[PDB]
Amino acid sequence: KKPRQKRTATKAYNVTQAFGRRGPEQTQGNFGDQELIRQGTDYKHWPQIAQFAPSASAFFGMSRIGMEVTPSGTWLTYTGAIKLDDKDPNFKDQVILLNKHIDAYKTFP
């Protein structure tokens, strides 16, 4: 049993199955429209999204890390920010793509 953070979503084991329903609560992810949720790393523009995901070294190097204990369990918390390069020729498209998936679930029928 690989832990949740090591899972990879695909068409046969999708974002909802691996990582739960999209939503606004603290423990929920909010990222992905219906196409990305159904397809995971098979999504047509997945590489353009993954360019922004951190390496293990960067995850622990760039982030503010903490530990919290709640009734549900013991949690390693993380927060940070990643600058988009507005000198990148593909900047405008990167922004459009990220905004299409952030909080997409709010307009799901």
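Residue numbers run from 1 along the displayed sequence. In this text, the rigid core denotes the largest set of C-alpha atoms whose superposition between the two forms falls within 1.5 Å.
When the other structures are laid on the shown form by the core, the C-alphas of 65-73 and 32-40 differ in how far they drift in 9 other deposited structures of this protein; the larger average drift belongs to 65-73. Annotation for 94-102 versus 81-89: the higher mean temperature factor (C-alpha) is found in 81-89. Comparing the deposited coordinates for 23-31 and 58-66, the stretch with the larger average C-alpha B-factor is 23-31.
Split the chain's modelled residues into thirds by C-alpha temperature factor. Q5 is in the lowest one.
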